[PDB]
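Step one of this worksheet: look at the structure below.
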Ligand SMILES: CC[C@@H]1CCCC[C@@]1(O)C(=O)C(=O)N1CCCC[C@H]1C(=O)O[C@H](CCc1ccc(OC)c(OC)c1)c1cccc(OCC(=O)O)c1
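Residue numbers (the entry's author numbering): 13 to 140.
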């Protein structure tokens, strides 16, 4: 399925080249511009564990997830991955635990040492 395909065929987008964050572009977005550090970014996402269990979806809440990019407001894989996206882009992101919740996890849904899969759609970005 999609998690196997990004694991086996994804692009390593880490600066370290450590395979910690892998990406496949699923829907090509608009033009060339990507968001910059400090931009307010609006996204929709769904996330799943390596055991196949869904853990969250913004679509199910009928509102986007909003954060400021590159400020450590989200897990490392998301600051790294969203920074690569064009407006309107949908991608798949595989996140090894060192770029996600590590050995701690996030109770109750995320266990220790968890590799995470996300589908992410970048809706918009703007400077404040
Ligand atoms: C079950 C996983 C998780 C549980 C908390 C709510 C969100 C959650 O359901 C989830 O799907 C998730 O795993 N997210 C939410 C969408 C962005 C990616 C990821 C996330 O980063 O959530 C953070 C969790 C807290 C956090 C922030 C920064 C960290 O490192 C710098 C970090 O490391 C372990 C952990 C989150 C949750 C809620 C809001 C967030 O930012 C916007 C805001 O603060 O209003 C961010």
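Just so you know, even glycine gets a beta-carbon here, dropped at the ideal spot from N, CA and C.
Nearest-angstrom Cα distance between residue 74 and residue 55?
If I take the Cα positions, the gap works out to 12 Å.
Rounding to the nearest angstrom, what Cα-Cα distance links residue 125 and residue 82 in this structure?
Spanning the two alpha carbons is a distance of roughly 23 Å.
Relative to the C-alpha of residue 140, which candidate in 14, 42, 22 and 48 has its C-alpha closest?
Taking residue 140 as reference, the option from 14, 42, 22 and 48 with the minimal CA-CA separation is 48.
Using a threshold of 7 Å, state whether the C-beta atoms of residue 23 and residue 35 are closer than that.
The answer is yes: Cβ separation under 7 Å.
How many Å lie between residue 51 and residue 112 at the Cα?
Those two C-alpha atoms are separated by around 21 Å.
Give the DSSP-derived three-state secondary structure of residue 24 in the structure shown.
DSSP places residue 24 in strand when its eight states are reduced to three.
Around the Cβ of residue 115, are there at least 16 other Cβ atoms within 10 angstroms (buried) or fewer (exposed)?
With fewer than 16 Cβ atoms within 10 Å of its Cβ, residue 115 is classed as exposed.
Inter-residue spacing [alpha-carbon to alpha-carbon] between residue 68 and residue 92
Going by the C-alpha atoms only, they are around 20 Å apart.
For residue 54, which of helix, strand or coil comes out of DSSP?
Assignment of residue 54 by DSSP, reduced to helix, strand and coil, places it in the strand class.
Residue 77 vs residue 85 beta-carbon contact at 7 Å
No.
Does at least one heavy atom of ligand 1 sit under 6 Å from the Cβ of residue 132?
Not under cutoff, so the answer is no.
Is DSSP giving residue 31 helix, strand or coil here?
Of the three classes helix, strand and coil, the one that applies to residue 31 here is coil, per DSSP.
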